[PDB]
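Given as structure tokens, the chain that follows is alone and in the form deposited in one PDB entry.
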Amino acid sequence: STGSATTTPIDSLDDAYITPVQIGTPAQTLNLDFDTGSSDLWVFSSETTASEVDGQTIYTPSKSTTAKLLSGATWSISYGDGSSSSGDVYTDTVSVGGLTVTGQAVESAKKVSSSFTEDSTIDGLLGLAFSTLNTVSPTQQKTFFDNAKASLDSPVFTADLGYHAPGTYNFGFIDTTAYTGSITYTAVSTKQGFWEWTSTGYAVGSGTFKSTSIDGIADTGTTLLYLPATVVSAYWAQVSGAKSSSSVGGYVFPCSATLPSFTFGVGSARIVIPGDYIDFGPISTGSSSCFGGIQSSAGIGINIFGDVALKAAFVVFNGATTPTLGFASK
């Protein structure tokens, strides 16, 4: 089997991407944030504290003939950006882009933090990191990908995120028309439960490439690119007037600037992030100070190749016995 679904930016800045997911019988379609940095599939639901729902589409298990309470199971998760959610668990039929998993753990939110409430466009998350991070207790549950894997034509999914435009998540096959040149594959460590890999270096604009190992995670659920302070300083030094602002929470730059591109290494290959991808617009409505899309990972504890980086590439998440990551230009 295979599946193929379109993923769509939630706003004009590409702050996140939502992908329609069918849950239950008859289908209930919810728009989920596919997140290769976590491993829980959770949804706004009929059980979510009413004051914490503001415009989201909810899953109602009582209306699904294939829903079953997973007796005794609970979940609770905290994300890198400080947001959180928790609740109980059902198993149900879940389909993504024509690919169907029966008995998928669907984690029903009883509580969500304010950032989730405030984002009316995201109905939940679908985790695509390794199942060792799944938070269901006392019996850890498998991700959608892990459940589908054996049925897939090939044990892979791909992320093809658009810049200010729709893109595609495919399961079970590699669309050879979706990228240019070749796919360069690189080793993955699963030791922390992430799609963790080592970039071979970087360049700023038309600058020379600096060969240096940068360990980080491929995370579709993170908006920006978070790299070591040295790298980030070298980037923003090429933008007149750019500075790190403690009050705003990172690098800002004059909205009148033309941003340089940023290149990152994948083995001997190179992925170029156009400067426009790094513009996240005014810090506040009407401001002439703009927020940067490349930020320091210092104090995160890990480097994150988020959407800013991933949307410049066609990315293969290879879930073979020894997992790997592939990057192609497009």
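So that there is no doubt, residue numbering starts at 1 and follows the sequence shown.
What comes next is about the form deposited with a partner chain bound, which does not appear here.
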query	finding
Candidate spot 81, 116 and 194, all three touching its partner chain in the deposited bound form (heavy atom, 4.5 Å)	yes
Contact flag, residue 135 vs its partner chain in the deposited bound form, heavy atom cut 4.5 Å	yes
4.5 angstroms heavy atom contact with its partner chain in the deposited bound form for residue 265	no
Distance check, residue 69 to its partner chain in the deposited bound form, heavy atom within 4.5 Å	no
In the deposited bound form, residue 144 touching its partner chain (heavy atom, 4.5 Å)	no
Interface residue in the deposited bound form among 183, 217, 112, 101, criterion: non-hydrogen atom within 4.5 angstroms of its partner chain	217
Residue (of 28, 56, 38, 45) lying close to its partner chain in the deposited bound form, criterion heavy atoms within 4.5 Å	38
Interface stretch in the deposited bound form with its partner chain - options 59 to 67, 269 to 277, 301 to 309, 45 to 53, non-hydrogen atom within 4.5 Å	301 to 309
